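Asks: have a look at this fold, sequence not included:
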RNA sequence: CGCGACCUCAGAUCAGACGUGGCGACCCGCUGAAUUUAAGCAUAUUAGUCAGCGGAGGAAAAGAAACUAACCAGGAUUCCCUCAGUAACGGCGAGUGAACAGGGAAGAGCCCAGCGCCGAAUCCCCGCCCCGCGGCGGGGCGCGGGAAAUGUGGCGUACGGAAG
Ligand SMILES: [Mg+2]
Ligand SMILES: [Mg+2]
Ligand SMILES: [Mg+2]
Ligand SMILES: [Mg+2]
Ligand SMILES: [Mg+2]
Ligand SMILES: [Mg+2]
Ligand SMILES: [Mg+2]
Ligand SMILES: [Mg+2]
Ligand SMILES: [Mg+2]
Ligand SMILES: [Mg+2]
Ligand SMILES: [Mg+2]
Ligand SMILES: [Mg+2]
Ligand SMILES: [Mg+2]
Ligand SMILES: [Mg+2]
Ligand SMILES: [Mg+2]
Ligand SMILES: [Mg+2]
Ligand SMILES: [Mg+2]
Ligand SMILES: [Mg+2]
Ligand SMILES: [Mg+2]
Ligand SMILES: [Mg+2]
Ligand SMILES: [Mg+2]
Ligand SMILES: [Mg+2]
Ligand SMILES: [Mg+2]
Ligand SMILES: [Mg+2]
Ligand SMILES: [Zn+2]
């Protein structure tokens, strides 16, 4: 029995909805649990970047968003083989790889290769055994000046 | 029934010993609430199941 | 004799390979070289048996 | 290798060679009982594709499921209710006969664990299937690090949660635009995520 | 007098049974004294003798199995009593050896490509 | 071999006896129904003492898992006296009553003075 | 006749006390129980009566083993050791 | 006729292990109504809901594209905000109704069969010795027994791979 004037409307409450209701009273409990887990992970990987590995410049698809630039899944292996980083060693030293991504372009590939080289210039690789250094390795006086950075490694500006 | 089986006579033997009242020193205890045996059973009134 | 079911099953399978029109790709395994040739083949092949444990 | 030849051989099922073999095996398997142990696979290539390795502990059963649809198990007609639900005999079951064949042997051997299963023969009134099983407490698999995943207690009765290759295919499960109604874990997890109110604290 | 579990452990196997049946006899005589009408000095002692029976039988049943699981410990097949009775799922979890052992392809992968300790600059 | 009978039956095969590589239990279970905990106490009612005097017998309460042979061997081990016969019933409270009729050269009143009932 | 008169003819009992659930529902002619379903291996249990389940779920009786495993859990099922003597 | 292999198939109180049943709030597979709404009612709706059955774990399931897209392209799964009460479905009536994209939480990838190449290079069990043994394991010796060529292990799997 609708009254004089107003929207005629379709509330989706014809099902039994009170049995399936999600109350969010553990919202601050999860916002404490996540940051406790995050502090524990950031202590556990002790000099390593707290956000995780490095993730590439990508364009969005789908006409509404292609002007913008996101962080992607991982560095494409075509973008790795011309940066000189091996596809297995990248994930060890902290470079996210996905093999699924193609490279339609050349500008994006050169930007990601420049990004990988600018990253590889900045990592401080500790020796795999602390007493004896090796060739693919950083100097001893640079080891004391390492620290975890916060936020994403080389944050993507548009 | 004077032809009882052993488990039925076993059952009746326990339900007979449970019909004994409280011992009268129980209501001399400190933290006691029990005035009398309340789960008593008279053989006319309640017919025990079985 | 009322034989058990596995004996009757295998004997009736052996009879069905006689009844049914067997294709030549399976008929070709019936023709085996005779026992004067098989002993020659096995006396040659006994020379080159692989080593055991 | 011989497995490519016998794979392409078993692909030509309409041929006279494999037609003779299928009808002889179907006669034999129809004469024999409902759920018995085969000593070795009839399809040695297909068993190796699905996961079987000829080592101590993998056990192959061939079982027959009785072929046909599923009429509604109801007294005489008499499915009480509206004329939508008056269907009795042209109803079809949600899972497949191969999945039923997996779970019948998986229930008959509760100690063992159903790995996968395949097709051996058929006639008008039965399907036959060789379901291959793994004995999860044998030391030839509990000391093998790439098949000791099935010895873990998570994978008890894969055939009855529907986690095998032929039990999976009735869950509507997959990536795509064709499988929107199962994103989440299942078509029940999809339904449950969709038909709730996320009543937040603030709103 | 007051029998306790310390000094019973040094006694040998027949001496403990020779004390056991003596305590059995004393418990039976105290039951007869309970029925005929006896003093509270004995109807209190009727608990002491039962717990004395228990204190002796505990020492027999402990020393018997302390001998048995030292007899059976070098062997691969122990009886089900001597086997460790934790929960049923963890008596059939994979053990510390066969959970630890890795396939050699994964040994080559974690040999050639170990996770490195590193840090990046700001 | 000639098949005389037109039926086939299962041929009798060999089968070995249990030779286990470890016993299931570690040690045999202790006999909890022994000659002390099989006899709880003797009665001291007037219907039991009148039974003791003339009939030359003893009246005991035993637990309900005991045979008459077990009560006979138990009384002969405990009080080292021969037993003529044993009559058992189960009382309505649920525990077994035994009537140990003694040998005629053994009086019940003297062995009652021995065991403590008067 | 169907009432007070016909209530006299009842002497032969239908049920008896079962030997698994202990309740008096063991139907003598069917030889099966009404509350637990005795000769079936699985317990008779339906959740159209939560009030029939919570009469005997796990929290009802002795828990004479699960009580002990609830306090052996809180040391990680430490077994075979004894505490250090005096 | 016998003796011996193999193949199918029995028998055991044979040696050693494994499954059964319960709780079932959360999870998985199936079966699955009617009240109710449509101011009647039959399609729809309630609803893949209640009840029924099977199976678990500390989480389960899912999961590393036979994907989304149509862009200057993104890139396993799951969850949240949103798309959206939208596209759509529906006696187009009542009602029903997702996804892609974007922002976040988290983030991890991998392994066989096949094609091949290495003298089965592989695995299980029992016997003896040394160590440890209340998660039965490490080594040595067995002209000791089996499995396996009707294919075990090593390399190798779509990101290619092998050999020289
Ligand atoms: Mg109005
Ligand atoms: Mg009356
Ligand atoms: Mg309808
Ligand atoms: Mg899975
Ligand atoms: Mg399909
Ligand atoms: Mg009747
Ligand atoms: Mg049940
Ligand atoms: Mg045995
Ligand atoms: Mg169960
Ligand atoms: Mg209506
Ligand atoms: Mg109305
Ligand atoms: Mg109406
Ligand atoms: Mg529906
Ligand atoms: Mg339900
Ligand atoms: Mg559990
Ligand atoms: Mg899982
Ligand atoms: Mg892929
Ligand atoms: Mg997505
Ligand atoms: Mg209309
Ligand atoms: Mg709907
Ligand atoms: Mg999205
Ligand atoms: Mg983040
Ligand atoms: Mg491999
Ligand atoms: Mg191979
Ligand atoms: Zn019952």
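Replies: Received, thanks. Numbers count the residues shown, from 1 in each chain, chains lettered A, B, ... in the order given. Ligands and ions are numbered 1, 2, ... in the order given.

Asks: how about the helices of chain G, start to end?
Replies: G:50-53, G:66-72 (DSSP state H).

Asks: indicate whether the longest one makes contact with RNA strand H.
Replies: The one in question is helix G:66-72. No - Helix G:66-72 does not reach RNA strand H (CB under 7 Å from any atom of the strand); its nearest approach is 8.8 Å. In this view, the C-beta of every residue, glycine as well, is placed from N, C-alpha and C.

Asks: does any part of that helix sit near chain E?
Replies: Yes - Helix G:66-72 reaches chain E (CB under 8 Å from any CB of the partner chain) through residue G:69.

Asks: gap between that helix and the chain center?
Replies: Averaging C-alpha positions (CA atoms, centre = their mean, to the nearest Å) puts helix G:66-72 21 Å from its chain's average.

Asks: and the contacts of that helix?
Replies: Here helix G:66-72 makes contact (CB atoms under 8 Å, 6 or more residues apart in numbering or on different chains) with E:87, G:58, G:78.

Asks: next, the buried residues of the helix of greatest length in chain C.
Replies: Longest helix in chain C, counting residues (DSSP H): helix C:5-19. Buried residues in helix C:5-19, counted by 16 or more other CB atoms under 10 Å in any protein chain shown: none are found.

Asks: and if you look at stretch E:56-65?
Replies: Using 16+ other CB under 10 Å as the test for burial, stretch E:56-65 gives E:56, E:59, E:60, E:63.

Asks: turn the residues you listed into a markdown table, columns for secondary structure and distance to chain C.
Replies: Formatted as a markdown table, the buried residues of stretch E:56-65 follow (DSSP: H, G, I helix; E, B strand; the rest coil; distance: CB to the nearest CB, whole Å):
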| residue | secondary structure | distance to chain C |
| --- | --- | --- |
| E:56 | helix | 60 |
| E:59 | helix | 56 |
| E:60 | helix | 53 |
| E:63 | helix | 50 |
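
Asks: what packs against the top helix by length along chain D?
Replies: Using DSSP H to define each element, chain D has its longest helix at helix D:16-31. The contact analysis (3 or more CB pairs under 8 Å, 6 or more residues apart in numbering or on different chains; DSSP states H and E) places helix D:16-31 against helix C:5-19, helix C:24-27, helix D:2-11, strand D:58-66, strand D:113-122, strand D:126-134.

Asks: spatially central residue in chain D, please.
Replies: residue D:99 (2.8 Å; CA atoms, centre = their mean).

Asks: ok, now which ones touch the most centrally placed residue in chain F?
Replies: Closest to where the C-alpha atoms of chain F average out (CA atoms, centre = their mean) is residue F:70, at 1.9 Å. Neighbour list for residue F:70: F:33, F:38 [criterion: CB under 8 Å, 6+ apart].

Asks: quick check: buried residues in the helix or strand where it lies?
Replies: Using DSSP states H and E, residue F:70 sits in helix F:68-78. Using 16+ other CB under 10 Å as the test for burial, helix F:68-78 gives F:70, F:71, F:72, F:74, F:75, F:78.

Asks: then stretch A:40-49?
Replies: A:42, A:45, A:48, A:49.

Asks: distance of the residue of chain B positioned farthest from its centre from chain G?
Replies: Distance from the C-alpha centroid of chain B, by CA atoms, centre = their mean, peaks at residue B:30 (24.7 Å). Distance of residue B:30 to chain G, computed by CB to the nearest CB, to the nearest Å: 28 Å.

Asks: surely residue E:113 touches residue A:88?
Replies: Yes - Residue E:113 lies in contact with residue A:88 (CB atoms under 8 Å); the separation is 4.7 Å.

Asks: more neighbours, the two?
Replies: residue E:113 (16 against 11; other CB atoms under 10 Å in any protein chain shown).

Asks: separation between the more buried one and residue G:20?
Replies: Using CB to CB, to the nearest Å, residue E:113 is found at 60 Å from residue G:20.

Asks: run a quick neighbour tally on the residue in chain G that chain F sits nearest to.
Replies: Closest contact between chain G and chain F, by CB to the nearest CB, is at residue G:80 (14.9 Å). Residues lying near residue G:80 (other CB under 10 Å) number 6.

Asks: separation between the residue in chain E positioned nearest to chain F and ligand 25?
Replies: When scored by CB to the nearest CB, chain E has residue E:77 as its residue closest to chain F, at 3.7 Å. Computed with CB to the ion, to the nearest Å, the distance linking residue E:77 and ligand 25 is 40 Å.

Asks: I'd say that residue and residue F:26 touch.
Replies: No - using CB under 8 Å, residue E:77 is not in contact with residue F:26; the gap is 12.0 Å.
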